[PDB]
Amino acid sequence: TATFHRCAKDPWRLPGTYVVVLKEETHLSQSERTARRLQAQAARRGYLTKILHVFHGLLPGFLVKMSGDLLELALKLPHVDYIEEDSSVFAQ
């Protein structure tokens, strides 16, 4: 049921960095456990990952620096609502 999204404007995409968005009522403790579970599952497959930030206050989830190869795995993690590849914003 979890889906993946990337920016439609190809030069603005930032592959390698993803915002993992969890289901509405996910507690911060669960977001941290899901980020650690991703890191351990990735390590067992030979992938290095970096949890840059854990979100709470607006939306539950986290920001992860990792190879896109791990996306099918990350989409299977518990509480995952969707995953978005990072993208650029500009002064207007």
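All residue numbers are counted from 1 along the displayed sequence.
When 38-46 is weighed against 55-63, 38-46 comes out higher, by mean CA B-factor as recorded in the entry. In the deposited entry, the Cα temperature factor of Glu25 sits in the top third of values across the chain's modelled residues.
Ranked against the other modelled residues of its chain, the C-alpha B-factor of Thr3 as given in the entry falls in the middle third.
When the modelled residues of the chain are ordered by C-alpha B-factor, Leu70 sits in the middle third. Ranked against the other modelled residues of its chain, the C-alpha B-factor of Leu77 as given in the entry falls in the highest third.
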